[PDB]
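> This is the structure, below, for whatever I ask next.
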Amino acid sequence: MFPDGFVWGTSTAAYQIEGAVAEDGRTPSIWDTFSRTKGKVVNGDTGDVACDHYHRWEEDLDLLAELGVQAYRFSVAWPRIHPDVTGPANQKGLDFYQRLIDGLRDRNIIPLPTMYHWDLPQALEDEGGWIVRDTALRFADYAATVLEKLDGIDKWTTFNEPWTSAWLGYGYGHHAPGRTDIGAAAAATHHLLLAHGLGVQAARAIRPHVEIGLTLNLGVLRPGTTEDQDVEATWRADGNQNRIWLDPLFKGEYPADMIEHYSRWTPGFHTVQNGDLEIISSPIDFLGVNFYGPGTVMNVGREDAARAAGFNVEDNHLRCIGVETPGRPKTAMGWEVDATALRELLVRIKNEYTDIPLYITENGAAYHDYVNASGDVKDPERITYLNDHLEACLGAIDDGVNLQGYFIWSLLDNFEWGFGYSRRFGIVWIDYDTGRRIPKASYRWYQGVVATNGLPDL
Amino acid sequence: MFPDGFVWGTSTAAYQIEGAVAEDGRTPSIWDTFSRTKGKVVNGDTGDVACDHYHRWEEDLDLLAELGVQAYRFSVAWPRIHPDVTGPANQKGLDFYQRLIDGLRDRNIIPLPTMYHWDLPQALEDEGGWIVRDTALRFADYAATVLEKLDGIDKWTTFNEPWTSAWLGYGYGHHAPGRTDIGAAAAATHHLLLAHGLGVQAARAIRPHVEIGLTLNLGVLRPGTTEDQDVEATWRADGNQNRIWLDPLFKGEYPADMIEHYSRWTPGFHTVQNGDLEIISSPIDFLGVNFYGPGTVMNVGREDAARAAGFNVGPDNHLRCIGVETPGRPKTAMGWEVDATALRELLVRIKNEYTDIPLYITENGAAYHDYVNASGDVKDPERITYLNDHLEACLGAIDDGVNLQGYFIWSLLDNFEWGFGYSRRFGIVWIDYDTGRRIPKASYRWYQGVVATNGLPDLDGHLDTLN
């Protein structure tokens, strides 16, 4: 049912699956130090070993080959390429990824590498991190090195979810580096987008050749009630989630109301200099989209109207709360499931912002899997999840949205950040103590979807 | 911190850990046929292989000895002992449990076997199951067989959670045999209690010196509001959960208000013949107590007033009452609300309203989503936090004057969690089912110290060693 040249695939990160945090001269990133700080990650889990992808890379390529995907999305580690941030390129770090790229090209699998998947070197974090403009500058120097040295790449991705690096990392303190400062996150918002622009600019100079875009975790947010108080609150969360990223990238300006909302904090958007938006709005070839589930939104301190509307129910700077729908399915993360939201998102991007090729670079869900007596890992709710969301994509394509790809998160059960290894997104099960790869029911089901280029009827 | 002769232990069940369902002449139990039915258990799971404790019994005994516990609860499988109930005892079945009991005493661990843990033979179910009276009689013969032919047992248990056997099995259809009939469950209620009573009396004649009791899963139910409507709705829910068991056992009568409530369904409590209540109320030496957490109760069709009060609610009802979730309180992997202070109220209530006999927490524990890490460990801090808080409440009960003389953690092994298959994990020992491998969790090492020191270490301090 899908188009002729539809790109199937699956996504991973660097820190989440690679491991070998010290091998070949790799320096500790912000997640090395954040995970080793107590109370930050469940059970004090770190990414020292993880899936051990750094050694078992050739096994994972063969899994991709047997799965039969057209493209494999992954991340290149900043601390591997430039351990010395200002210093020269570490050849050992460049050799690992080139070998990975070459292996993928051998199996006729298109590599889609990401420059930044939240693993910022600690040395830049000590000097302010994304709060300061300097870090955005030395990303471009990192980006340029990876743009020039690594060959065999046609498509590049600058950033993976700038919202999470900034607002969870500096705003709420869930992710690395783990600060609780609004002005710090609003500053990171600009400098991440700026560093994206510099990455795109670095691309067009070194490699006119290659297409380059970025990955965003955009959200679909719905008002719980139709009152002003609740609808306006939905508009604030929408702006923070989407519009403070989409408007700069595709219209060269920040939203008026979000700038007005974030006018209070410092540094924040005081770091916005004249000419930055022209850098940020550098024309990109494609847009990466990360969706999981929508969110019913109401105003802050509006719990009674929420419960009176039939719903169920870290400082609220956005002045809005999320509310739960009783009947709606949830994942192991606690996120609601509604495939129709993915359609609403892709159609909105088509209409309001950009008409460039779109790729679902990250779509999946956590479920509590286990190896049963026979040795199989049965996850029917993940298959249902992937299937339901893919029929939404079929609808978006029927609507006329330029959707040219889909990527399942993830290939492997990985280090799920704040929750450590206690949440599993992969379609391939992992025994962390041994490093064994057990394909789940999803892998087998997805293999049929990929090969036949369409969804089998369950 | 705890009393001197306090008995620490841990509990298991027959069908949940043993496996080898079609070996040595063992016949299908109700959970054999139930789990093999379409869409009764998660992912179509059964107890065919399970923890493979039937072949790995000696390994688990060694774990029990290394854990340092004074006792170990387990279930003796009815279908393994009497494949055909009309027929004689399967010797191969008897020798498995005798060798297990011998191994327990050789490792100086007190054996506390349970006659019935929900594995009623399928042949008995086909003839009505616990609905009919003859099933209760056939149990007395079964109890007689095990009481006689198994040596080394000082403390016996007749039934593990009659409520779950009756109401989840015959009333709501969530458990084996899977029936949805109120009269059937009310009948099973009486015949389970009757089978316990006959089992107690059978003990007095065959093994005079042994102590015997039963295991009940009692609940602590709080009214959602202070209105008459919800308080009385909780009183109905309390009758089903607690009082239609406690009053027959310790008062020798059914609660009048519950008899009036259940009179409309047949067979129900019309199956009560003359002199049953005296059999049911046969004096028992101890009472097994199961508790996992409380539940807030409100009247039926009162979802709106619940949300108005500040609760969360989801989307027949013979008890005419619903459950509501207090949003603030923590949940386990099951979804059950955690509140250790409720266990203290339950124990004190049993002391005041009913009996002063020795009590044992035969089942207490929680389910969480454990995982084997790169270091090979299975750290479960929330389970340590759970057990600690509940043990702190036990020390309160013991201070209050409650005759609590023991404590058993559910469970020893990550086993077949009935309806939820292997997807939910309760144990203190992780299980790799595909190989059969066993990995003691952080709770095991925590409990190992608690049992050894006979007291609770600092909770926040011990969590620091698990990072």
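Labels used: A, B, ... for chains in the order of the structure tokens, numbers from 1 for residues in each chain, and numbers from 1 for ligands as shown.
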Name the residues in contact with residue B:417 at a cut-off of 9 Å, using only C-alpha atoms, excluding same-chain residues fewer than 6 positions from it; report them as JSON, numbers by chain.

{"B": [16, 423, 424, 425, 426]}

> If you run DSSP on this backbone, which residues of stretch 83-123 of chain A come out as strand (DSSP E), and could you give them as a PyMOL selection string?

chain A and resi 110-116

> Counting only C-alpha atoms, what is within 10 Å of stretch 345-347 of chain A, bar same-chain residues fewer than 3 positions away, as a tab-separated table (two decimals) with C-alpha atoms, in the first residue's frame?


chain	number	residue	atom	x	y	z
A	218	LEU	CA	7.06	17.61	17.46
A	219	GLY	CA	3.86	17.13	19.45
A	220	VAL	CA	0.12	17.06	18.88
A	221	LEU	CA	-1.63	18.89	21.70
A	289	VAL	CA	9.82	13.82	12.66
A	291	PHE	CA	6.22	11.05	17.28
A	294	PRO	CA	-0.43	13.18	21.71
A	340	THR	CA	-4.64	9.63	14.39
A	341	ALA	CA	-2.41	12.23	16.06
A	342	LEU	CA	0.48	11.27	13.77
A	350	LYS	CA	2.38	20.07	5.02
A	351	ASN	CA	-0.12	22.92	5.35
A	352	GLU	CA	1.37	25.42	7.79
A	353	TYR	CA	5.13	25.12	7.29
A	358	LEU	CA	9.41	14.21	5.43
A	359	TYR	CA	10.81	11.21	7.32
A	360	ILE	CA	9.44	9.55	10.46
A	392	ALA	CA	-2.01	6.77	9.92
A	393	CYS	CA	1.03	7.34	7.71
A	395	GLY	CA	-3.58	8.22	5.42
A	396	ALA	CA	-1.12	11.11	5.47
A	397	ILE	CA	0.26	9.95	2.12
A	399	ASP	CA	-3.79	13.35	2.12
A	400	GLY	CA	-0.86	14.44	-0.05
A	401	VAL	CA	1.85	14.84	2.58
A	402	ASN	CA	5.35	14.37	1.16
A	403	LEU	CA	6.15	11.37	3.37

> Could you tell me which residues of chain B sit within 10 Å of chain A when counting only C-alpha atoms, and give me the result as a PyMOL selection string?

chain B and resi 42-52+303-315+325+327-328+333+369-381+421-424+431-436+463-467

> Could you list, as number ranges by chain, every residue within 12 Å of residue B:446, counting only C-alpha atoms and ignoring same-chain residues fewer than 6 positions away?

B: 67-68, 379-381, 383-385, 387-388, 428-429, 440, 452-459, 461-463, 465-466

> Could those selected residues go to a file with N, CA, C and O atoms, as a JSON list (two decimals), in the first residue's frame?


[["chain", "number", "residue", "atom", "x", "y", "z"],
["B", 67, "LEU", "N", 20.02, -18.46, 51.71],
["B", 67, "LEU", "CA", 19.27, -17.27, 52.10],
["B", 67, "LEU", "C", 19.18, -17.18, 53.62],
["B", 67, "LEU", "O", 19.12, -16.09, 54.19],
["B", 68, "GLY", "N", 19.16, -18.34, 54.27],
["B", 68, "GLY", "CA", 19.20, -18.40, 55.72],
["B", 68, "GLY", "C", 17.85, -18.33, 56.41],
["B", 68, "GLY", "O", 17.78, -18.03, 57.60],
["B", 379, "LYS", "N", 19.06, -5.35, 40.18],
["B", 379, "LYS", "CA", 18.79, -4.42, 41.27],
["B", 379, "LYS", "C", 17.31, -4.05, 41.31],
["B", 379, "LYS", "O", 16.74, -3.61, 40.31],
["B", 380, "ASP", "N", 16.69, -4.23, 42.47],
["B", 380, "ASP", "CA", 15.27, -3.95, 42.64],
["B", 380, "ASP", "C", 15.00, -3.13, 43.90],
["B", 380, "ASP", "O", 14.47, -3.64, 44.89],
["B", 381, "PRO", "N", 15.36, -1.83, 43.87],
["B", 381, "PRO", "CA", 15.26, -0.95, 45.03],
["B", 381, "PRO", "C", 13.82, -0.73, 45.50],
["B", 381, "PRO", "O", 13.58, -0.65, 46.71],
["B", 383, "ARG", "N", 11.42, -2.76, 45.39],
["B", 383, "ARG", "CA", 10.96, -3.97, 46.08],
["B", 383, "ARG", "C", 11.51, -4.01, 47.50],
["B", 383, "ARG", "O", 10.83, -4.47, 48.42],
["B", 384, "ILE", "N", 12.74, -3.54, 47.67],
["B", 384, "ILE", "CA", 13.33, -3.42, 48.99],
["B", 384, "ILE", "C", 12.59, -2.36, 49.79],
["B", 384, "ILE", "O", 12.31, -2.55, 50.98],
["B", 385, "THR", "N", 12.26, -1.26, 49.13],
["B", 385, "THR", "CA", 11.48, -0.19, 49.75],
["B", 385, "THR", "C", 10.11, -0.69, 50.18],
["B", 385, "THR", "O", 9.62, -0.37, 51.26],
["B", 387, "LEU", "N", 9.08, -4.00, 50.77],
["B", 387, "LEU", "CA", 9.22, -4.98, 51.85],
["B", 387, "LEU", "C", 9.58, -4.32, 53.18],
["B", 387, "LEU", "O", 9.06, -4.70, 54.22],
["B", 388, "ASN", "N", 10.46, -3.33, 53.13],
["B", 388, "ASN", "CA", 10.88, -2.61, 54.33],
["B", 388, "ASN", "C", 9.71, -1.91, 55.01],
["B", 388, "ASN", "O", 9.49, -2.06, 56.21],
["B", 428, "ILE", "N", 12.33, -12.82, 44.57],
["B", 428, "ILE", "CA", 13.59, -12.23, 45.03],
["B", 428, "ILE", "C", 14.74, -12.86, 44.26],
["B", 428, "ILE", "O", 15.90, -12.49, 44.44],
["B", 429, "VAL", "N", 14.41, -13.83, 43.41],
["B", 429, "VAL", "CA", 15.38, -14.46, 42.53],
["B", 429, "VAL", "C", 14.90, -14.38, 41.08],
["B", 429, "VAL", "O", 13.85, -14.91, 40.73],
["B", 440, "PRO", "N", 19.91, -14.33, 42.02],
["B", 440, "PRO", "CA", 19.42, -13.63, 43.21],
["B", 440, "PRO", "C", 19.42, -12.12, 43.03],
["B", 440, "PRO", "O", 20.44, -11.55, 42.62],
["B", 452, "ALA", "N", 19.34, -12.70, 58.79],
["B", 452, "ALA", "CA", 20.53, -13.02, 59.57],
["B", 452, "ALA", "C", 20.64, -12.14, 60.81],
["B", 452, "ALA", "O", 20.99, -12.62, 61.89],
["B", 453, "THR", "N", 20.35, -10.86, 60.66],
["B", 453, "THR", "CA", 20.44, -9.92, 61.77],
["B", 453, "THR", "C", 19.13, -9.84, 62.55],
["B", 453, "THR", "O", 19.06, -9.21, 63.60],
["B", 454, "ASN", "N", 18.09, -10.49, 62.01],
["B", 454, "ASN", "CA", 16.75, -10.48, 62.59],
["B", 454, "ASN", "C", 16.28, -9.06, 62.88],
["B", 454, "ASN", "O", 15.70, -8.78, 63.93],
["B", 455, "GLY", "N", 16.53, -8.16, 61.93],
["B", 455, "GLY", "CA", 16.17, -6.76, 62.09],
["B", 455, "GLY", "C", 16.40, -5.96, 60.82],
["B", 455, "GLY", "O", 17.17, -6.36, 59.95],
["B", 456, "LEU", "N", 15.73, -4.82, 60.72],
["B", 456, "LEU", "CA", 15.81, -3.97, 59.53],
["B", 456, "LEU", "C", 16.99, -3.01, 59.56],
["B", 456, "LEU", "O", 17.15, -2.25, 60.51],
["B", 457, "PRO", "N", 17.84, -3.06, 58.52],
["B", 457, "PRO", "CA", 18.86, -2.03, 58.31],
["B", 457, "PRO", "C", 18.25, -0.71, 57.85],
["B", 457, "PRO", "O", 17.05, -0.67, 57.58],
["B", 458, "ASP", "N", 19.05, 0.34, 57.77],
["B", 458, "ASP", "CA", 18.57, 1.64, 57.31],
["B", 458, "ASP", "C", 18.22, 1.57, 55.83],
["B", 458, "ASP", "O", 19.07, 1.25, 55.00],
["B", 459, "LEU", "N", 16.97, 1.88, 55.50],
["B", 459, "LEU", "CA", 16.46, 1.75, 54.14],
["B", 459, "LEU", "C", 17.21, 2.64, 53.15],
["B", 459, "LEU", "O", 17.72, 2.15, 52.14],
["B", 461, "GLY", "N", 20.01, 4.03, 53.51],
["B", 461, "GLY", "CA", 21.42, 3.70, 53.53],
["B", 461, "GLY", "C", 21.77, 2.50, 52.66],
["B", 461, "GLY", "O", 22.82, 2.48, 52.02],
["B", 462, "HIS", "N", 20.89, 1.51, 52.64],
["B", 462, "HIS", "CA", 21.14, 0.29, 51.88],
["B", 462, "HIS", "C", 20.88, 0.48, 50.39],
["B", 462, "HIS", "O", 21.43, -0.24, 49.56],
["B", 463, "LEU", "N", 20.06, 1.47, 50.05],
["B", 463, "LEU", "CA", 19.77, 1.77, 48.65],
["B", 463, "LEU", "C", 20.97, 2.46, 48.00],
["B", 463, "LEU", "O", 21.10, 2.48, 46.78],
["B", 465, "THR", "N", 24.04, 1.52, 48.26],
["B", 465, "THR", "CA", 24.98, 0.51, 47.79],
["B", 465, "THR", "C", 24.56, -0.05, 46.43],
["B", 465, "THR", "O", 25.33, -0.75, 45.77],
["B", 466, "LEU", "N", 23.33, 0.26, 46.02],
["B", 466, "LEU", "CA", 22.82, -0.18, 44.73],
["B", 466, "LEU", "C", 22.82, 0.98, 43.74],
["B", 466, "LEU", "O", 22.26, 0.86, 42.64]]

> Set the distance at 10 Å and use only C-alpha atoms: which residues neighbour residue A:387 once local chain neighbours fewer than 5 positions away are removed? I'd like the list as a count of residues only.

12

> Can you tell me which residues surround residue A:210 at a distance of at most 12 Å, considering only C-alpha atoms, apart from same-chain residues fewer than 5 positions away, and format the answer as a PDB file with C-alpha atoms, in the first residue's frame?


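Produced file result_7.pdb, reproduced below:
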ATOM      1  CA  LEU A 112      21.546   8.128   7.765  1.00  0.00           C
ATOM      2  CA  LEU A 147      31.242  16.240   6.981  1.00  0.00           C
ATOM      3  CA  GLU A 148      34.679  16.183   5.370  1.00  0.00           C
ATOM      4  CA  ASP A 151      32.691   9.317   3.012  1.00  0.00           C
ATOM      5  CA  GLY A 152      29.772   7.360   1.565  1.00  0.00           C
ATOM      6  CA  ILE A 153      27.098   9.627   3.030  1.00  0.00           C
ATOM      7  CA  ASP A 154      24.349  11.228   0.939  1.00  0.00           C
ATOM      8  CA  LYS A 155      21.982  12.325   3.710  1.00  0.00           C
ATOM      9  CA  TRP A 156      22.996  14.001   6.973  1.00  0.00           C
ATOM     10  CA  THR A 157      21.162  14.932  10.167  1.00  0.00           C
ATOM     11  CA  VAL A 200      23.752  23.170   7.329  1.00  0.00           C
ATOM     12  CA  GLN A 201      26.062  26.003   6.275  1.00  0.00           C
ATOM     13  CA  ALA A 202      29.070  23.750   6.865  1.00  0.00           C
ATOM     14  CA  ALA A 203      27.385  21.133   4.689  1.00  0.00           C
ATOM     15  CA  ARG A 204      26.837  23.374   1.659  1.00  0.00           C
ATOM     16  CA  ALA A 205      30.501  24.448   1.677  1.00  0.00           C
ATOM     17  CA  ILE A 284      17.186  22.216   4.534  1.00  0.00           C
ATOM     18  CA  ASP A 285      16.475  19.337   2.157  1.00  0.00           C
ATOM     19  CA  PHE A 286      14.281  17.236   4.449  1.00  0.00           C
TER      20      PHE A 286
END

> Might you pull out every residue within 8 Å of residue B:30, with only C-alpha atoms counted and same-chain residues fewer than 3 positions away left off, and present them as a compact mmCIF listing (two decimals) with C-alpha atoms, in the first residue's frame?


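This is the output file result_1.txt:
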# COMPACT_ATOMS: atom_id res chain seq x y z
CA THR B 33 -6.86 -26.23 30.66
CA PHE B 34 -7.51 -22.57 31.53
CA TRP B 118 -5.67 -23.49 42.94
CA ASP B 119 -4.69 -26.63 41.01
CA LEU B 120 -7.88 -28.69 41.25
CA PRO B 121 -7.80 -31.73 38.92
CA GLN B 122 -9.68 -31.23 35.64
CA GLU B 125 -13.97 -29.71 37.52
CA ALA B 176 -9.40 -21.06 36.46
CA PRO B 177 -11.77 -22.65 35.77

> Can you list every residue in stretch 25-156 of chain B that DSSP puts in helix (DSSP H, G or I), as a PyMOL selection string?

chain B and resi 30-35+42-44+57-67+78-81+91-106+122-126+129-131+134-149

> Calculate how many Å separate atom CA of residue A:427 from atom CA of residue A:80, rounding to one decimal.

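Distance reported for this atom pair: 26.9 Å.
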
> To one decimal place in Å, what is the distance between atom CA of residue A:385 and atom CA of residue A:2?

17.7 Å
